[PDB]
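Heads up, the chain below is alone and in the form deposited in one PDB entry; it's given as structure tokens.
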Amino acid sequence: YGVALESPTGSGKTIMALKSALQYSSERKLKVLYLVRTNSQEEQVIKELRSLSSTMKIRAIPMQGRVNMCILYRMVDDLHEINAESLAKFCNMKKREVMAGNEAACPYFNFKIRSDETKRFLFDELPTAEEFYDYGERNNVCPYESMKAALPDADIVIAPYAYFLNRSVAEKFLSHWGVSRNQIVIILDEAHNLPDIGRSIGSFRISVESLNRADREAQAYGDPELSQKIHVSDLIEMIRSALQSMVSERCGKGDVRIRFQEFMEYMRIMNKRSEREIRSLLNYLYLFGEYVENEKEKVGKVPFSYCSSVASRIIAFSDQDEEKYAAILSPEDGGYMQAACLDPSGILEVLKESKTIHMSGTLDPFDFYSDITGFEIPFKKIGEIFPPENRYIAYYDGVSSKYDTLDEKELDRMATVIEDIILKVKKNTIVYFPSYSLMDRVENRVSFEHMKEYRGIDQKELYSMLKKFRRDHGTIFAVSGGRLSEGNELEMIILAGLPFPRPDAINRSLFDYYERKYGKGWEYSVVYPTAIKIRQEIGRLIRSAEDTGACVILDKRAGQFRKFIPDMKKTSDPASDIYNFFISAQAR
């Protein structure tokens, strides 16, 4: 039901896909779906599809949910949480008012949704979703409805994972396409993220600021009596103080694992009631949400209720999840409790109901991906092989890690070794750190003109640095997991510390899960993901068979990763060996 392929990185990954997935494609009616995580990857796919469009016929359109593609809803209202359901009701009512006679109701709903001009743009130019949104904006035509209008005559579709893996959304999506999950083919772009996408989509949380929000909604819409003497506002106060007492009492320096029944226990003891009562009041809150939703709708607002969406998430929290999820409490962002999905096999399972094709270029040992993802498929290493002498991977002793976030002494060795390498190699380097504290500690010990990448991010200032990166000079600092992971220019990578997952309660839980299941919690929850994080930087450094680069790791326990990286070396003088490597590269 699936195939996993590995291509050496860059400009090819998605061309190879249709070149390895014209198999089936259209001889058995099938539709080609392209799932993508970030919008940055989306366009790296679409740019490829655009190139091959002149080769032979392909009719593609990007597809995304109203949550992204509805223009109106951000002007009419602006909520801090939202969902596809509420936007459905909202929009359907607007379309009613337009079709009834009030075109102003929603000025983006008109003939242009079905016009040749619009459909020409979608197929002949094949924009990204962000690009087709902009088109729609300037042309006063709804992007979403346009996509859905163009969909039934589309052979190929490029959508986010979070769109399709939303069960209720996928059903409407396919009901309009005409295709069924039998008649589909799904290409999983950068499928090395599949495990993480599952755990992400699967998880949910109830945060204090979310209760705060429902509290204001409660006051807005009557704050009626749920029980005789307990109002909506009172119930919310009960639920927030359960959470706050839990965060106060249960956790210190950060996250903590708790048991799901604990919240209800805290709920029961504090307020002197049993489950029946608390379950009921929680239900009566969801019902109030339903009232709020109806009341917002009949006015013309987006019918989204914080009390409705909170009610369900608490019910969901307290009810299921004991085996495949973990109950994490957290002090962050006022506090929240979370259902951390530890095993994404059950979320991703819906995919093997269609034919899947797992594209990456970075999932070295497949067993881990198969065991984690729960995908029992063949694995082929389809990719014309780049020579190993064109690459240089090595790890270094000096900066010996007895602790993972301590020792000023061994942090000086981190600064010096870096400074020796960059000043001597003199090439376009980016130094990934495992955290912001180590990067900030190193930067003030270091004394060379570099380029920061601190929290805040914002899309505009990311390019301002990227402009000066490609053009002149060289060095850039970044935290590994950050947004420099989304991209000639590059040449050397200095992993200033091996990018392990943080001492989370979640990562602790994941270890336990893959300890109780395979007796290898370390290999499954720490190493394999870290190896795949590394390989990715190595992969984004060398994309061509004629491109060159180096990648050092400053870590004493980096030796582990030889069986994941079969051409890694070890160094005691990395500065000189990398320089000696680059002299050998220049030669040719």
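Note that the rigid core is defined as the largest set of C-alphas that superpose within 1.5 Å between two forms. All residue numbers refer to positions in the sequence shown, first residue = 1.
**Item:** Missing from the model but present in the deposited sequence, between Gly254 and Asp255
**Value:** Going from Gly254 to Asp255, the model skips no residues of the deposited sequence.
**Request:** Select between 504-512 and 469-477 the stretch whose C-alpha atoms have the higher average B-factor in the entry.
**Result:** In the deposited entry, the stretch with the higher C-alpha B-factor mean is 469-477.
**Message:** Regarding 530-538 and 25-33, which shows the higher C-alpha temperature factor on average in the entry?
**Reply:** According to the entry, 25-33 carries the higher average C-alpha B-factor.
**Prompt:** Among the chain's modelled residues, which third holds the C-alpha B-factor of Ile58?
**Reply:** Highest third of the chain for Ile58's C-alpha B-factor.
**Message:** Looking at the temperature factor on the CA atom of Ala311, which third of the chain's modelled residues does it land in?
**Reply:** Highest third.
**Item:** Third assignment of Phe288 from its chain's C-alpha B-factors
**Value:** Middle third - that is where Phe288 ends up once the chain's C-alpha B-factors are sorted.
**Request:** Place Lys47 in the lowest, middle or highest third of its chain's C-alpha B-factors, as listed in the PDB entry.
**Result:** For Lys47, whose C-alpha B-factor we compare with every modelled residue in the chain, the answer is the lowest third.
**Item:** Lowest, middle or highest third - CA B-factor, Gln560
**Value:** It falls in the middle third of the chain.
Heads up, the form deposited in another entry isn't pictured, but that's what we're talking about next.
**Item:** Residue among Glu384, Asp134, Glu103, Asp412 whose Cα moves 2 Å or more between this form and the one not shown, once the rigid core is superposed
**Value:** Flagged residue: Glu384.
**Request:** Given a change of 3 Å or more, say if the Cα atoms of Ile532 and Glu384 sit closer or farther in that other deposited form than in this form.
**Result:** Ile532 and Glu384 sit closer together in that other deposited form.
**Prompt:** in that other deposited form, do the Cα atoms of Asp155 and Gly383 sit closer or farther apart than here, given a shift of 3 Å or more?
**Reply:** Compared with this form, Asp155 and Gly383 lie farther apart in that other deposited form.
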